[PDB]
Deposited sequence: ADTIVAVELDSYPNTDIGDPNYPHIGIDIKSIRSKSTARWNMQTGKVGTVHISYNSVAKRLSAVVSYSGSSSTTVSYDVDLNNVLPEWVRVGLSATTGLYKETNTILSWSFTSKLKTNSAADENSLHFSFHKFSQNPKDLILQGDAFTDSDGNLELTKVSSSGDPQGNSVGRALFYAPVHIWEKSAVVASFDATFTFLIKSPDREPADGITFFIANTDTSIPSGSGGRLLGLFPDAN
């Protein structure tokens, strides 16, 4: 059972398992039920931009989500990630659709990791090549002709499908801590396009971190964002 730290743009309120009454960004520490959430002023059809940061000195995983010239949405959570995640991990983006759907388009994805014990891993994508050998595409994750990472299924038309799960891991494992390490930090940006024919888009996109061999958990569809085998 994978260890998971995710920042969720939870498109779909699932009150029956923790979610607030509304679209929200959440910080998930080994549970789909977010340790912290903020009301996310969704804007379907516009391009969102998530920034994620954290160092091991401040011990505060923080995420902001924004649209151009629009009021942003921040959510923080005091956590020491080296007590949660293994020493080595892989970073990725996941997204699902349930009975309700939405395009989970990733227009770009950067991520910087620093381990001053000064080791480092930076990577950024503004274009997603047809064959991304530096990405372990899991489930329904693919890349379209516009150089966009489609995390979840989308017809040739552009319409999103439902009951789809897909994630993109960066091929190289990251080293986010070492007993010796004085400070391990990481940042993570990505822009996304969420479009939906439904007035209740679902289910969400997330940037997560996990055991290197992390794979899509069975039953992880929909409100589970392809991160957990259950809702505990």
{"property": "Missing segments of the deposited chain sequence, listed N- to C-terminal", "result": "118-122"}
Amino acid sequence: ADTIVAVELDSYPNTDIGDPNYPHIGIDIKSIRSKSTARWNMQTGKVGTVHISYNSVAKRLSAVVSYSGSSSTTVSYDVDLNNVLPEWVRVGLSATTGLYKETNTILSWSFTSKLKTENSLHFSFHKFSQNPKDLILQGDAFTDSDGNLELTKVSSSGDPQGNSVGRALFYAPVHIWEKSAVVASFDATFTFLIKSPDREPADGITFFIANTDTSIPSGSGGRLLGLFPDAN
From here on, numbers count along this sequence of modelled residues.
{"property": "Comparing 146-154 with 67-75, the one whose average Cα B-factor in the PDB entry is higher", "result": "67-75"}
{"property": "Residue range whose averaged C-alpha B-factor is higher in the record, 174-182 or 34-42", "result": "174-182"}
{"property": "Among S113, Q161, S94, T105 - the residue whose C-alpha B-factor is largest in the record", "result": "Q161"}
{"property": "Candidate residues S196, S62, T189, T206, the one whose C-alpha B factor the record puts highest", "result": "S196"}
{"property": "Record-listed C-alpha B factor of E8: chain third", "result": "lowest"}
{"property": "Entry-reported Cα temperature factor of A210, expressed as the chain third it lands in", "result": "lowest"}
{"property": "Within-chain third of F128 by Cα B-factor, per the entry", "result": "highest"}
{"property": "Third assignment of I25 from its chain's C-alpha B-factors", "result": "lowest"}
{"property": "Chain thirds of CA B-factor: placement of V165", "result": "highest"}
